[PDB]
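Worksheet: the structure to be examined is printed underneath.
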Ligand SMILES: COC(=O)[C@@H](Cc1ccc(O)cc1)NC(=O)c1cc(C(=O)O)c2cc(/C=C/c3ccc(Cl)cc3)ccc2n1
């Protein structure tokens, strides 16, 4: 790839390095990820949604694997950090949640899960958009904070519902300026979820006790009242958030259904100052 003049390293990680890069031909500026190694992906090139960072190209050359993405300058994590003094305005929080739910409705409608939503993976632009990025497509230190309980319990087959869970945790964090469930281990992550939402049993979650890593000796914590979870979210927002953090993947609200939730009756598209 002498076809790309590399502007700056956007990131590393076990699965590859990404650069902001200039196409010496196009003049176009892209993010370029080189996966170090040792067609299904290309179908996604034609699946484009305003709220998903676009996959432009997949290149298998000199026995290397490169993915090319649309480039955006800021992610939600940096934006929340610079907003920590003030917080993100609720109409902008509402707008970002609405847009993320649209992105997720789109990918889920095509049976594509994200599986690792986090503020670092959510890109925003000056025109008020927010886009899903980093779908871990390379799989045919990392935060557990947004991980759905079925994954933490070793479930081999998870559903679209894992993304709803992740986005709820992100919703809550946008509102409170605090990570909802800052576990420092898998079992610490689980037990932080339990201590707030109550230890799940078959009553609220049939088949929880059949998950691979479920132990009957999990401590039994009572559910806390949601009022402490996301103050000062109003009742519509708490209602919505409660349905996104449902223990049972089959009762957790879908992306499509959340879009019809009353919380969004007054949704607008504010513009951030970046
Ligand atoms: C923020 O820092 C990061 O980690 C950024 C680096 C960065 C990238 C672009 C930028 O503009 C800015 C920064 N991301 C990645 O490395 C990264 C990795 C992957 C992957 O799978 O390996 C991505 C997959 C898609 C799928 C798209 C797709 C999915 C489903 C459908 Cl239906 C249609 C399309 C979209 C963006 C992706 N990004």
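Just so it is clear, chain A uses Swiss-Prot numbers, and the residues here are 1-38, 50-151, 163-296, in order.
Heads up, header says this was done by X-ray crystallography, 2.2 Å.
Including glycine, each Cβ sits where the backbone N, Cα and C put it.
For the annotation phosphothreonine, the record in Swiss-Prot points to 14 among the listed residues 14, 218, 290. In Swiss-Prot, the entry for phosphotyrosine among 15, 77, 269 corresponds to 15. For the residues 19, 236, the entry in Swiss-Prot flags phosphotyrosine at a single position: 19. Highest local Cβ density among the recorded positions 6, 9, 33, 88, 89 belongs to 33, counted as other Cβ atoms within 10 Å over all protein chains shown. Within the set of recorded positions 6, 9, 88, the entry lying nearest in space to residue 130 (ATP binding site) is 88 (CA atoms). Among the recorded positions 1, 13, 83, 88, the residues whose Cβ lies under 6 Å from any atom of ligand 1 are, in sequence order, 83.
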